[PDB]
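Chemist: This structure is in structure tokens; I'll ask about it shortly.
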Amino acid sequence: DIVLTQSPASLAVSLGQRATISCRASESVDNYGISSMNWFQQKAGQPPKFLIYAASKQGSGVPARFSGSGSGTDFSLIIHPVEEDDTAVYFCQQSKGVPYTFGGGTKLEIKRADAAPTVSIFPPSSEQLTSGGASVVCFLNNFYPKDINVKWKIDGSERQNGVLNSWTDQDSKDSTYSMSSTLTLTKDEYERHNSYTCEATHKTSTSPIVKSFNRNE
Amino acid sequence: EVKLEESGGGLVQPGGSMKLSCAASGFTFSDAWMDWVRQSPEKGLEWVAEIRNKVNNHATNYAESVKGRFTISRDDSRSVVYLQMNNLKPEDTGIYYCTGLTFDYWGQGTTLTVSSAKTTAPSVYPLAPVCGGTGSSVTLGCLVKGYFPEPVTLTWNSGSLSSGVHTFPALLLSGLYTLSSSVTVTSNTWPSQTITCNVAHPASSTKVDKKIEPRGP
Amino acid sequence: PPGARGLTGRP
């Protein structure tokens with residue numbers, strides 16, 4: 001097994017700037033004069049797309065800006081100028097001999113201007129209450145950077161149990177992230193308290209973005 | 001245009017069997033080396049099996065972790081690659097891509113989950129905003145609670161709303177997957193025009209359309 | 001054109 005190690009793991013580049021991703025091989029992938037090293041791009045929810053073969057040569061219709069380099073055991077993938085749609089994970093991959101092996105992957109994030117989340121709170125549905133559960137959901141949409149902190153309050157008392165926090169991948173058009181927080185409770189306990197709140201601290205706002213409801217409203 | 005469609009993933013018990021198949025078009029299939037590659041969050045991209053063209057005696061190779069359990073084969077007359085898998089294990093769980101011309105082209109992928117947990121249909125709950133709203137746009141939601149295994153597919157108004165939609169990756173809460181999705185439109189559109197959350201869970205043969213209704217007191 | 005092996009294929 002020829003082991004491939006990429007670095008860095010993640011990477012944030014401004015629009016129009018250089019992105020450089022490395023791939024180190026445990027032994028030489030040179031066979032003949034050709035370095036048998038390929039590069040793939042995987043955007044979220046999609047298969048890997050073939051970009052570069054033979055270390056530096058480009059696949060059909062692959063833009064000029066993607067270009068690789070290196071020989072032997074050390075390889076790079078350069079993206080320059082970087083664009084919004086280049087947000088993806090990039091895998092190096094070795095075809096020198098069986099078994100074919102891939103790298104760990106490197107996420108390229110696109111730097112952009114800061115963006116506050118548009119926060120929306122949602123009580124439980126009528127359907128869910130009559131099932132027996134109660135889930136309060138809070139979408140925090142279209143923000144940057146990825147770092148965000150969500151605090152749930154019930155009648156002003158903080159809660160950490162039952163909370164599910166799912167981030168999206170970076171958007172291919174506006175380079176933002178979005179994120180869903182979900183407080184899950186028994187119906188019995190949902191109806192014991194009145195006020196449900198969803199505090200969200202982000203880089204943008206010093207004081208937190210609050211969104212709130214009370215059940216009799 | 002090259003097309004690779006996989007089929008026959010799903011849920012199977014440990015020890016059980018499963019046969020993936022892969023239809024291909026847009027290249028002379030009988031000449032192409034074909035592979036299967038899998039992806040899990042723990043192990044990244046694993047090459048699983050190769051089958052070569054008629055000129056190389058339909059030579060097969062396999063990753064060590066599947067030797068003796070997985071058989072790859074092809075029907076050159078039907079442009080199909082098959083992957084028989086036997087004595088399946090939890091670590092065989094992943095997305096299985098069929099690739100053509102080694103890794104030049106990749107299919108969408110098909111999901112194989114190996115687990116003695118039973119299939120479970122999601123409950124699909126609509127999330128309308130708080131009683132009575134006021135901005136120049138409005139966000140609605142859809143909660144897809146407690147399904148197994150992955151995946152579900154979720155669209156809004158049968159695909160008509162692509163922009164405005166953030167569908168969040170699923171998460172494991174109490175051994176079952178929960179998933180949410182927001183949609184944002186201008187406050188003319190809703191509630192006047194009906195917006196509907198469409199959810200399919202192929203593994204349980206579940207298809208639900210849930211209309212988002214405003215909250216009457 | 002493509003090889004039998006593919007551009008990503010072994011040498």
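In this analysis, Cβ positions are derived from the backbone assuming ideal geometry, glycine residues included, and neighbour counts consider all displayed protein chains. Any read-out appearing in this document is the output of simple, stated calculations on the displayed coordinates, not a laboratory observation.
Chemist: Would you tally the net charge around A:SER131, using a Cβ to Cβ cut-off of less than 15 Å, leaving A:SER131 out, and scoring K and R as +1, D and E as -1?
Modeler: Residues near A:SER131 contribute -1 overall.
Chemist: Next question. Over the range A:1-112, what number does the Rg to Rh ratio reach, with both radii from the alpha-carbon atoms and Rh per Kirkwood?
Modeler: Result for the range A:1-112 is an Rg/Rh of 0.95.
Chemist: Of the options B:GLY26, B:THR194, B:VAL130, report the single residue whose Cα projects farthest towards the positive end of the charge dipole of chain B (beta-carbon charges: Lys, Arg +1; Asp, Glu -1).
Modeler: Projecting each Cα onto the dipole axis, the largest value belongs to B:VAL130.
Chemist: Moving on. Using every pair of alpha-carbon atoms in the range A:62-202, split the distances into 10 Å bins beginning at 0 and state the percent of pairs per bin, rounded to integers.
Modeler: 10, 29, 22, 18, 13, 8, 1
Chemist: Taking just the alpha carbons, could you work out the radius of gyration and Dmax for the range B:117-204, both in angstroms?
Modeler: Reported Rg and Dmax, both Å: 14.0, 46.
Chemist: Right, another one. Pairs of Cα atoms under 8 Å, at least six residues apart: use those to get the relative contact order of chain A, whole percent.
Modeler: It comes to 18 percent, rounded to a whole number.
Chemist: Follow-up. Per-residue HN-Hα couplings for the range B:122-129, Karplus 6.51 cos²θ - 1.76 cosθ + 1.60 at θ = phi - 60°, whole Hz, x for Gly and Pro?
Modeler: Here the 3J(HN,Hα) series is x, 8, 10, 10, x, 10, 8, x Hz.
Chemist: List, in the order given, every pair from A:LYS107/B:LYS89; A:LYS153/B:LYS207; A:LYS187/B:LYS145 whose Cα-Cα distance in the structure shown is over 27 Å.
Modeler: A:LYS107/B:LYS89; A:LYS153/B:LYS207
Chemist: I've got another one for you. For A:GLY105, list long-range residues whose amide hydrogen, built 1.01 Å from N in the peptide plane, is under 5 Å from its own amide hydrogen.
Modeler: A:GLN6, A:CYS92
Chemist: Calculate how many DSSP beta bridges within the protein assembly as shown are antiparallel, expressed in % of all such bridges and rounded to the nearest 5.
Modeler: Bridges in the protein assembly as shown that DSSP calls antiparallel: roughly 95 percent.
Chemist: So, one more: Using the Kirkwood radius over C-alpha pairs as Rh, can you work out the diffusion coefficient of the range A:161-217 via Stokes-Einstein at 37 °C, viscosity 0.692 mPa s, in µm² per second?
Modeler: The estimated diffusion coefficient comes to 237 µm²/s.
Chemist: Which percent of Cα pairs goes in each bin when the distances of chain B are cut into 5 angstrom slices starting at zero?
Modeler: Answer for chain B: a P(r) of 1, 7, 13, 15, 13, 12, 11, 9, 7, 5, 3, 2, 1, 0, 0 percent.
Chemist: In debye to the nearest 20, how big a dipole does the range B:1-116 give about its Cα centre with +1 on each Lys and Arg Cβ and -1 on each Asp and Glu Cβ?
Modeler: For the range B:1-116, the charge dipole is close to 300 debye.
Chemist: Would you mind calculating the relative contact order of the range B:1-116 from Cα pairs under 8 angstrom and at least 6 residues apart, reporting the percent as a whole number?
Modeler: Across the range B:1-116, relative contact order equals 37 percent.
Chemist: What number, in nm² with one decimal, is the all-direction average of the projected area of the convex hull of the alpha-carbon atoms of the protein assembly as shown?
Modeler: 22.9 nm²
Chemist: What FRET efficiency comes out for A:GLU217 versus B:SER158 if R0 is 35 angstrom and r is the Cβ-Cβ distance? Round to the nearest 0.05.
Modeler: 0.60
Chemist: Separate question: Amide H neighbours of B:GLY10 under 5 Å, counting only residues 5+ apart in sequence or on other chains, H built in-plane at 1.01 Å?
Modeler: Long-range HN contacts for B:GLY10: B:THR111, B:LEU112, B:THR113.
Chemist: If you place +1 on the Cβ of every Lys and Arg and -1 on the Cβ of every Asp and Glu, how big does the dipole about the Cα centre of the protein assembly as shown come out, in debye to the nearest 20?
Modeler: 200 debye
Chemist: Could you tell me the center-to-center distance, by alpha carbons, between the range B:22-68 and the range A:191-217 in angstrom?
Modeler: 51 Å
Chemist: While we're here: Calculate the dipole size of the range A:1-105 relative to its Cα centre from +1 charges on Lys and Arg beta carbons and -1 charges on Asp and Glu beta carbons; express the result in debye to the nearest 20.
Modeler: Computed about the Cα centre, the dipole is about 100 debye.
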